[PDB]
Every structure is written in structure tokens, then in C-alpha cells.
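S.K.: output the structure for:
(2 chains, ligands or ions: 2)
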2 protein chains.
Amino acid sequence: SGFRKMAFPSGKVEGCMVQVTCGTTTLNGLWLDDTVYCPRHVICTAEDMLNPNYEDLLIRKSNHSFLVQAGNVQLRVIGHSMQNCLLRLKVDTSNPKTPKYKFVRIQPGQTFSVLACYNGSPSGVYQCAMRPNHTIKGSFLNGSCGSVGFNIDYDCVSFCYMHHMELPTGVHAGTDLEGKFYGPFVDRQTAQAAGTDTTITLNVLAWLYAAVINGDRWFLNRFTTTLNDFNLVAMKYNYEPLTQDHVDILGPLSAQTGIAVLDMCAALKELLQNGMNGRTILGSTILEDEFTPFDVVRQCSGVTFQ
Amino acid sequence: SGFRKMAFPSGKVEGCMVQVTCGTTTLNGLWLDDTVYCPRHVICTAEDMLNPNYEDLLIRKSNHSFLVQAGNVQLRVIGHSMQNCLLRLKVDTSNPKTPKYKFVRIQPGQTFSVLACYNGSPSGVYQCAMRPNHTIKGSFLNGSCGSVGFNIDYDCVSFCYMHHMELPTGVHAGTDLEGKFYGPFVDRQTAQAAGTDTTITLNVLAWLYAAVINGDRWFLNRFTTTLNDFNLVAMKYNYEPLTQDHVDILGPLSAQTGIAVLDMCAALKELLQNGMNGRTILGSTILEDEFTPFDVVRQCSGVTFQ
Ligand SMILES: *[C@@](O)(C(=O)NCc1ccccc1)[C@H](C[C@@H]1CCNC1=O)NC(=O)[C@H](Cc1ccccc1)NC(=O)/C=C/c1ccccc1
Ligand SMILES: *[C@@](O)(C(=O)NCc1ccccc1)[C@H](C[C@@H]1CCNC1=O)NC(=O)[C@H](Cc1ccccc1)NC(=O)/C=C/c1ccccc1
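M.R.: Numbering: from 1, shown residues only, chains lettered A, B, ... in the order given. Ligands and ions are numbered 1, 2, ... in the order given. I have put the structure below:
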């Protein structure tokens, strides 16, 4: 029993973190095989960020313009290239701790674990959703750039995020491990701001299923809803519209609990209209949207407490 | 910016987890140097838990009654002894991944990271407070016994918890790495239940300091309070009484923000009496008590957003 915001175990990723310095700028990199990946802004000063031309800034560097430290060992850089908003530094040593891995671009609403790092040293691990607005509500300070987000499936690490910047509202923006930003953000000083965000409806429903698996039914009701009538309420409450593909994804949770999706929708509608009346669900007084349907199946028992 | 329930990076602990089987019972162990630690109930069946005599159950085992698997390798057991509610299995191989470590008994209100494990394989990591009632609100399923809690200071792992059981309310109980239970619980079937719990007042105040460091002051007020008048309100709201030693602990946070402790107490009093009026603090609609003063200093910037 219990339900916690759980991260994946971080050791396979810890063994990949290094420090990258160019000039007076230092941040973290990710060392897999004989490549180090890092935010391309390592080549900039604070003034350069006001209007950087990365191609022009980079051509002025050599391989020895970059210092890479892995623990206490210096790794020699023997090649460099830009890929979108990252650099790919070739190094003289292949990482012996390289796990099985791949690069994935995750989608809005999906969750991942962040290994916060400073100076190549890991400091903490936490779980994050990718918001509909393509931000994350992280916890990052100066020096955290190049910290990575990841999921683990079997013993394969799927890297999906590298940290680049904080926006004015205090939320965080970054790239996939091809260097393509999530969202419309750019690695230069602008008036950029997080777009309006939405609640991740699919996750809310998944978390209500978790609450039933773990033995609680208080918020269920005798009603049902159409998808469309449900969406009219959703729009009023700044929830994402639910689709049939979402309904299908909730199949396995629906089956485990015996509650049809649209009957769980009607329970959510009631919760939205009436509130929770001073009650909690899985310990929370609000509706939680940072657990996906897969997160619930991973964590919860496969036997409902009936 | 941001503030998240952050765990320590788990790799130093992952490299220590094994599987321990005795008879038909399988659970996890912790392998440091040439010892494996595990819950002594590995020697019991379900019927034995109704009234186990551990001394009598154990004398009937040999070394080869225990099978220890570390990844895919079998480790031979060459000695065994009971220590309180754990076994200490001696093995034929010293763990080459043994970190720098120590065993600590943590105190009520202090926080730690849990590495949930099944069959010797780590599955997730999350942060937990030790409740005043000597329980943790974890997330554990069958097979998680022997999962450990820990803190990391420099590169030293301080192990403080090993998991043994779930109580009827769904919260979790266990031991330190000497095998002494936290709280009044016993490793046998009884009518045992979690005592009434309390809110961890010191942590609430620490988290209000975090909110000021991160730039928010809405809940402050022009008033001050005596310690005693503050405690009269605390008792009415099921908060732990605040003491002078708590006040002292909050010194460094008080200084960083320029808010005296007792003036922060008066802001809490007002919050308790009046509520939060539909507002949030660090994203939360409730007062959070699972971050210690040290947790706040570790995570927050050392420069207040004034
Ligand atoms: C990274 O750690 C980092 O890159 N530091 C090095 C650096 C290089 C060149 C110029 C400036 C800095 C850092 C992480 C941030 C810092 C605070 N919280 C974190 O998440 N990233 C930055 O400092 C970036 C640099 C940048 C990237 C893309 C576009 C413009 C700038 N800037 C920001 O993150 C700005 C944050 C901010 C927050 C509040 C008020 C003003 C500015
Ligand atoms: C452990 O994984 C475990 O030890 N499993 C092996 C075992 C050996 C011998 C007898 C029984 C089981 C497990 C972890 C629990 C299971 C569910 N969530 C977890 O945290 N621990 C238990 O199963 C213990 C065994 C026990 C220890 C101390 C005193 C009595 C029994 N029991 C419980 O945890 C009971 C839980 C429970 C929950 C709801 C309703 C009834 C019982």
C-alpha cells in the first residue's frame, strides 16, 4: 500500500555525469561511449546570451577550448560538433559505465526522473511531468544546466531531457538528447514565457484508478457521461479534453477495478463541480496530474483491494 | 527556483542490494563488505508469524539454509547470527561496490530516501519522513521487505532504515541497521496499530522559510508570539510543541531571510487559525511537514529572492 511520487533508481545515470568547462562557463555533461553531450551555451558568456550566433561562437573554438572532468580524471576532447542546441564532444576514452541506452523525445503529459547535478556531481533525484506547455516544474539552481531526465525500462535507460534554462515564472525548459527544445523556447535572452498550461486529464483519471486499487471508492457515483458532455465541463475547469485514445489507454486500469472509463469520468465531473468536501484521495486534498497510467500500473498492486 | 521532494541519488545503494531466500520466503538484503543484512523473518512461514520464536526457528538452520543472489551470482553463506530483528549473514565474497558507510538511528521528524526493491532489484526511489508515531508513509508491496532507507553526506552513505511490515492503516514500519524497530512494533502478528500522529512543526516552519527564500511573503504578518502562546495553538491543531532547541535550529534560515523565528511562528498561528484563503505556498494548498531545516538549506538557493 501507499502511493508516492517515485523516481527511477539513478545509478545508471550517475555513472554518466561529467563536468564541462569552456572559458569561465561550467556546466554538466552526459558521457556515453566516447561522446559527451552538453548544452551548446557552455560556449557563451552572459553578454553573448543577449544575441548569440552559435555558429560564429563555435568556429572560434578548438578541441582544447573544452575541458571535460569525469570525477577527478581529465578526459581529452578530440572532436566537436553542434547538433541543434547541444554540443557533441568526442573524447579519448569510452565510458566504461555506459549503460544500455537510447534517446527518446517524450510527449506532453509523460513523466520522467530528473537527476539534478552540479559540477558533474549528482545531488538529487525527483520525478517531473512534461507539462502541456512544454515546461517542467523542476528544482534547479545555477550550475544545473546539462542535468538529464530519463526513464528506465528493464536495464535500458531512455534519456529524454537535458536542462537549459529557467523561465520567469520559475519553471524549467530544455531539450531532448538530439538538442531540440521542448516547446517554442530558444537558447537566447528574450521575452519568452511559459504558455498557459492545462491539467493533464488522463493522469488525473489514472490516479483516481490508483485510489480505487488501493481501496478507496468514496468519490464514485451512479452516473455516466458522454465524452462530449465530459469535455464541456473539462474546458470550463482548464482540463485537457479527453479523447477516445485516452479512454483506450485507461482500459487495463478500468478492467482491474471494474469501473468503466466514462463512469470514472462522471466521478471526475462531480469532483470538479462540487469539490472534495474536505476529503482526501491517496492522501491529497487536490486532484493529482503527475502520474500517468503506466506509472500507476508500475507502482500499484495488480490486485485491487475490493 | 522550484521546490521538490527530492531523494538522494541511489547508485551507491543499488550496488549493495541482493536477494535472500530461506525456504519458500524471499526478500531483499543489504551487502556491505562480507556481510548481508536482512529481516530475521526471512526464516519464517506465514504460520510462524502468528507466534514465532526466532531463537528456536534459527537454531534449526544451517548456513546452506540461506541462498544469497547478487545479480546473477550466488554468494556462499559461511556464517550467520541474529542481531535484534535482523540477520547478519557472512558471505564468501566482500562487495566490491561497498561504499563508504555508516549505520545511524534517525530521529522522529528527520527525512531519508527509500530505495524500494524487489527480488534484489531496485525499482524506485523516494523521500520519506520518519513520523512522530515512528511510521513512514511509504509505497511498498509484497516482496519489498529488506529495502533500505539512507541519507548521503559527501560520499558516505548513512543507512538508517530496513523495511519489515505494513500496518493496518497502510503505513510502514521497520528497523535501523542494528535491527531495533523504530517505535513499539514487533515482528510478529498482533493487534499492533500506528499510534496517533502529529504534524512536524519544525518542518512546517522550515518550509515556510523555503517559501520566503524562493520569493514569497504573502503569509507573513505584523505580529509576534511567545513560544508558549504559540504552543497553546499548536496543541489545538495537533502540531508538535515547539521548543527552544527548535527555535535555535531555525537560526540559519531566520538569518538568511531576516524573519525572526517567533515572527514566523506568528505567521503559522495565523495560517492555522484562518487557513490559506485559496492561496498556495510553494505550489501547495496545505502546510507541508516532510522537509527538515537541513533539507531546505540543501535545496534552496543561499541567496534569498528579496
Ligand atoms: C545553467 O546552469 C547554465 O547554463 N549556467 C551557465 C550560463 C552560461 C552562459 C550564460 C549564463 C549562464 C542555468 C540554469 C538555471 C539558472 C537558474 N536556474 C536554472 O535552471 N541556465 C541559465 O542560467 C540560463 C542561461 C540561458 C539559457 C537560455 C537562454 C537565455 C539564458 N538562463 C536562465 O536560466 C535565466 C534565469 C532567470 C531566472 C530569474 C530571473 C532572470 C533570469
Ligand atoms: C515483506 O516483503 C516480507 O517479509 N515478505 C515475506 C514474508 C515472510 C513471512 C511471512 C509473511 C511474509 C512484507 C512487506 C509488506 C507486504 C505488503 N506491504 C509491505 O510493506 N512484509 C510482510 O508481509 C509482513 C510480515 C510480518 C512482519 C512483521 C509482523 C507480522 C508480519 N506483514 C505485513 O506486512 C502485513 C500486512 C498486512 C496489510 C494489510 C492487511 C493485512 C496484513
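
S.K.: return the set of buried residues in the helix or strand where residue A:234 lies.
M.R.: For residue A:234, the enclosing helix or strand under DSSP states H and E is helix A:227-236. Neighbour-count burial for helix A:227-236 flags A:230, A:231, A:233, A:234 (criterion: 16 or more other CB atoms under 10 Å in any protein chain shown). Yep, even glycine has a C-beta here, placed from its N, CA and C like the rest.

S.K.: then stretch A:87-101?
M.R.: A:87, A:88, A:89, A:91, A:95, A:98, A:99, A:101.

S.K.: what does chain A put close to ligand 1?
M.R.: A:25, A:27, A:41, A:44, A:46, A:49, A:140-145, A:164-166, A:172, A:187-189 (CB under 6 Å from any ligand atom).

S.K.: which bits of the stretch 101-250 of chain A sit near chain B?
M.R.: Counting by CB under 8 Å from any CB of the partner chain, the residues of the stretch 101-250 of chain A close to chain B are A:115-116, A:122-126, A:137-141, A:166, A:170-172, A:214.

S.K.: most proximal residue of the stretch 151-300 of chain A with respect to ligand 2?
M.R.: The minimum distance from the stretch 151-300 of chain A to ligand 2, using CB to the nearest ligand atom, falls at residue A:215 (9.6 Å).

S.K.: I'd say that residue and residue A:305 touch.
M.R.: Yes - with contacts defined as CB atoms under 8 Å, residue A:215 counts as touching residue A:305 at a distance of 3.6 Å.

S.K.: shared neighbours of these two, anything?
M.R.: Here residue A:215 and residue A:305 have residue A:1 as joint contacts, going by CB atoms under 8 Å, 6 or more residues apart in numbering or on different chains.

S.K.: how close does the residue of the stretch 1-150 of chain A found nearest ligand 2 get to residue B:171?
M.R.: Closest to ligand 2 within the stretch 1-150 of chain A is residue A:1: 6.2 Å, counting by CB to the nearest ligand atom. Residue A:1 is 8 Å from residue B:171, where distance means CB to CB, to the nearest Å.

S.K.: sorry, back to before: could the buried residues of helix A:227-236 go into JSON lines alongside distance to residue B:19?
M.R.: Shown next, in JSON lines, are the buried residues of helix A:227-236 (distance: CB to CB, whole Å):
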{"residue": "A:230", "distance to residue B:19": "46"}
{"residue": "A:231", "distance to residue B:19": "48"}
{"residue": "A:233", "distance to residue B:19": "49"}
{"residue": "A:234", "distance to residue B:19": "46"}
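
S.K.: pull the most distant pair out of these.
M.R.: The largest separation in the buried residues of helix A:227-236, counting by CB to CB, is between A:231 and A:233 at 7.2 Å.

S.K.: pick out the residue in chain A sitting closest to chain B.
M.R.: Closest residue of chain A to chain B, CB to the nearest CB: residue A:11 (2.6 Å).

S.K.: for burial, what's the neighbour tally of the nearest residue to that residue once chain neighbours are set aside?
M.R.: Leaving aside its sequence neighbours, residue A:11 sits nearest to residue B:11 (CB to CB, 6 or more residues apart in numbering or on different chains; 2.6 Å). Using other CB atoms under 10 Å in any protein chain shown, residue B:11 has 23 neighbouring residues.

S.K.: which ones are touching the residue nearest to residue A:86 when sequence neighbours are not counted?
M.R.: Nearest residue to residue A:86, sequence neighbours excluded (CB to CB, 6+ apart): residue A:179, at 3.7 Å. For residue A:179, the contacting residues are A:40, A:82, A:83, A:84, A:85, A:86, A:162, by CB under 8 Å, 6+ apart.

S.K.: strands along chain A, start to end?
M.R.: Taking DSSP state E as the criterion, chain A contains strands spanning A:17-22, A:25-32, A:35-39, A:66-70, A:73-75, A:77-83, A:86-91, A:100-103, A:111-118, A:121-129, A:148-153, A:156-166, A:172-175.

S.K.: closest one to residue B:210 among those?
M.R.: For the strands of chain A, the distance to residue B:210 is smallest for strand A:121-129, at 14.5 Å, taking CB to CB.

S.K.: outside of that closest one itself, list whatever touches it.
M.R.: A:5-7, A:10, A:13-14, A:17, A:19, A:109-117, A:136-139, A:149, A:161, A:200, A:203, A:289-290, A:292, B:4-10, B:125, B:299.

S.K.: please repeat the previous calculation with a cut-off of 7 Å.
M.R.: A:5-7, A:10, A:14, A:17, A:109, A:111-117, A:136-139, A:149, A:200, A:290, B:4-10, B:125 (CB atoms under 7 Å, 6 or more residues apart in numbering or on different chains).

S.K.: give the buried residues for that strand.
M.R.: Across strand A:121-129, burial judged by 16+ other CB under 10 Å covers A:122, A:123, A:124, A:125, A:126, A:127, A:128, A:129.

S.K.: beta partners of the fifth one?
M.R.: What that stands for is residue A:126. Note on residue A:126: beta-bridge partners residue A:114, judged by DSSP bridges.

S.K.: right, and ligand 1 sits closest to which residue of the stretch 201-306 of chain A?
M.R.: Using CB to the nearest ligand atom, residue A:290 is the residue of the stretch 201-306 of chain A that sits closest to ligand 1, at 19.2 Å.

S.K.: which residues touch residue A:108?
M.R.: Contacts for residue A:108 (CB under 7 Å, 6+ apart) come out as A:130, A:132, A:134.

S.K.: what about residue A:36, how many neighbours?
M.R.: Neighbours of residue A:36 under the rule other CB under 10 Å: 27.

S.K.: domain ranges for chain A?
M.R.: Chain A breaks down into these domains under curated CATH domains: A:1-14+A:100-197, A:15-99, A:198-301.

S.K.: could you identify which of the ones you listed is most buried?
M.R.: Highest mean neighbour count of the domains of chain A: domain A:1-14+A:100-197, a mean of 20 (counted as mean count of other CB atoms under 10 Å in any protein chain shown).

S.K.: just how off-centre is that domain within its chain?
M.R.: 4 Å (CA atoms, centre = their mean, to the nearest Å).

S.K.: residues contacting residue A:6?
M.R.: The neighbours of residue A:6, taking CB under 7 Å, 6+ apart as the test, are A:127, A:299, B:124, B:125, B:126, B:139.

S.K.: any chance of TSV for these, columns distance to residue B:77?
M.R.: Formatted as TSV, these follow (distance: CB to CB, whole Å):
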residue	distance to residue B:77
A:127	37
A:299	33
B:124	28
B:125	28
B:126	31
B:139	31
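
S.K.: quick one: which of those residues is nearest to residue B:223?
M.R.: Using CB to CB, residue B:126 comes nearest to residue B:223 of the contacts of residue A:6, at 37.1 Å.

S.K.: what's near enough to touch residue A:146?
M.R.: Taking CB under 7 Å, 6+ apart as the test, what residue A:146 contacts is A:20, A:27, A:28, A:29, A:38, A:39, A:162, A:163.

S.K.: just put those residues in JSON lines and tack on distance to residue A:57.
M.R.: Converted to JSON lines, the contacts of residue A:146 look like this (distance: CB to CB, whole Å):
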{"residue": "A:20", "distance to residue A:57": "15"}
{"residue": "A:27", "distance to residue A:57": "15"}
{"residue": "A:28", "distance to residue A:57": "20"}
{"residue": "A:29", "distance to residue A:57": "18"}
{"residue": "A:38", "distance to residue A:57": "14"}
{"residue": "A:39", "distance to residue A:57": "13"}
{"residue": "A:162", "distance to residue A:57": "19"}
{"residue": "A:163", "distance to residue A:57": "20"}
